[PDB]
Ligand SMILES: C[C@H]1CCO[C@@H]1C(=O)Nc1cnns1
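Below you will find one chain, with nothing else, as structure tokens; this is the form solved without the named molecule, and questions on how it binds or moves follow later.
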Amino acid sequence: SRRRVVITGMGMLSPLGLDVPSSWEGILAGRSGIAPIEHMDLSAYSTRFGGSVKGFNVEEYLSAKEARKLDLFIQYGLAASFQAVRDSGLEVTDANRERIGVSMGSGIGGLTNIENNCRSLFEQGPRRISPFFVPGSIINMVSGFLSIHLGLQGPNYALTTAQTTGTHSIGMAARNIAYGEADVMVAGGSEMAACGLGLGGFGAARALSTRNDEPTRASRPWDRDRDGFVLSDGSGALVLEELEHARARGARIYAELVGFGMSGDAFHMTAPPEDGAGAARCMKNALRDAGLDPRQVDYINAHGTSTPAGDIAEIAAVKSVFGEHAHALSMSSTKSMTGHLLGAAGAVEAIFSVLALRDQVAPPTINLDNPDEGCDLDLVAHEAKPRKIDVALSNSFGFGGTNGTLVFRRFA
């Protein structure tokens, strides 16, 4: 029968910090992680800024010889995973290694490495493609490399559901544990899409904010002057653990994962429906899965991408699901500070939702100067709001009409 699942470890690289505490300190201070991109020349591009990981030292985790063969999204995914496992205190042994698995996902994976090898191929030839091109670029290799470094022999897979990846990865990993396929999973996502093809491709879709002259103000979810998402890099990982397993070893438990929802919109390849019908269906699935009264929800970490259609669809969905209680909960978009980590967004935002529960505080939506028509909920504008949070919900929505909702609650 279905077992309970708790969070015993977390790890992160974000535009606000090289770990969880430093990132969360930025979140509660209303700090922006967005700046002009330094790592490549973007003068020909319509967007020249984003959320970079600043000062990442891969040699805190991996030998230089190894790191040189891995795309940044793998390096970030391993860093976050190693943090989360260390934070959990779990010791991997012959007795438990078959019961510990990994599901770390990515929306796009090793696009920087694929781009650089494509340049080698076209300008020089196939003899100059790296021998490490495939295992250093394809999405399942965060799970793969992590399992080989720690000796994890449990379920080993990766999701790729665009901007929903981190949320799906955590939810499905929790189902693995619930149904008895594993006792422990490391789950989350990682992304580094800030190369020519990523910035150029989202640019060609006119999906990105073009506020080049004021990057910290670009990401402004539900603000009437928003003009698209801000592309950001990094990784989140959580250690999910069966409750009795965690109790037996005296684990520190941050929160319980009580609910997971998925739904497809079946609407449009990239656009969310205006009424947020798929998002509402997904949240309702998650709340029923958690055995909750919707009035129990205290805090929602929105998807909150700073796109015109996405932000207003999320208000519509929250009003449809929560009715008058929509006016009592707090909802914020931490993408106002971090930007959109794409396949890692749901992973870092699950961590922020768990820390909202630990610290009893709703993070702010910065830059919400002039809320748009109908955006009249408590969106925690400008400043962090201390408040009672027993139940927190993290939402994600992606290309393909793919929706995920996680429901966390305090554990006693």
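Start at 1 and count along the sequence shown; that's the residue number.
The same protein also exists as the form deposited with the named molecule bound; that form is not shown, yet it is the one meant from here on.
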* Would you say the site is open or blocked once the named molecule, modelled from its placement in the entry with it bound, is overlaid by superposing the surrounding C-alphas? Use blocked for 3 or more ligand atoms within 2.4 Å of a backbone or C-beta atom. => open
* To do: Have a look at 346-354, 56-64, 372-380, 32-40 and name the one stretch with heavy atoms inside 4.5 Å of the named molecule in the entry with it bound.
  => 56-64
* Looking at the partner-bound form in the entry with it bound, is residue 86 within 4.5 Å of the named molecule by any heavy atom? -> yes
* Scan 311-333 and note down the residues that get a heavy atom within 4.5 Å of the named molecule in the entry with it bound; none is a fine answer too. => none
